[PDB]
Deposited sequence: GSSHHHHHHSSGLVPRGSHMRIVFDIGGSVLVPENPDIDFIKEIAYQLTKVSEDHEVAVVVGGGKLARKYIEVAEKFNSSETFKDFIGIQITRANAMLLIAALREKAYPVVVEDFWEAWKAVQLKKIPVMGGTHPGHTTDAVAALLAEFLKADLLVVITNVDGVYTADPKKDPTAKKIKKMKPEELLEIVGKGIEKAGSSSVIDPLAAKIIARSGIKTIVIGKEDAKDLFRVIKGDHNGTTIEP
């Protein structure tokens, strides 16, 4: 079997408000996938995070404190997934990697939010995939993949170039490259059938050495 880390974008889980249908589905699918593989999840902030961050900006708070606000929101979102995962999820929002590790040992799905200023949840999932020696890293974002056109197959090296030229955070790309983490970038559409997405059946981007 495989150890997989799923990075679910905030805008996808919370486009405006929480997308209940999508949460119901992604939760069910994650459960099925965990029947055969070891699963771990990291959730983003989305619209809600940007609203609270914007409020802090009006009070001219530091950029660091804004990140801390964005982080607290992501943990709020993660709780919605943990709820949706029922008895299969780890009860608390995992805040560090070894904790996610403990959940895996207990056969429970750990759900993380952000962890530190300066990063995005993409960076968290990448570092999580690297810490867990995960076999696969699935990034579900707001776009079909890595684009004028769409690149289907590429390597970490090629990924750092595009990032330097949205989609995926630079720190996340550095981590995916330094470790050579097989990563898959798909949109909300392919995420409607994860079970097959991990089988290579998807219309996204596959980044691997």
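Sequence ranges 1-18, 166-174, 193-200 have no coordinates in this entry (deposited sequence, numbered from 1, C-alpha basis).
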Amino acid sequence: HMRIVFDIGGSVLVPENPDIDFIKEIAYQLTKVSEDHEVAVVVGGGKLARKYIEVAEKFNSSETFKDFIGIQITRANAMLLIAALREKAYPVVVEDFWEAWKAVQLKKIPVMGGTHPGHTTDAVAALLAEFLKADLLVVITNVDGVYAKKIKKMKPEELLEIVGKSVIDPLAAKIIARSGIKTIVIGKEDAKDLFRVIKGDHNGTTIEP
From here on, numbers count along this sequence of modelled residues.
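Relative to one another, 27-35 and 66-74 have unequal mean CA B-factors, and 27-35 is the one with the higher figure. Note on 135-143 vs 122-130: mean CA B-factor is higher in 135-143.
In this entry, the residue among 151, 48, 41, 56 with the greatest C-alpha B factor is 151. In this PDB entry, residue 183 carries a Cα temperature factor that places it within the middle third of its chain's modelled residues.
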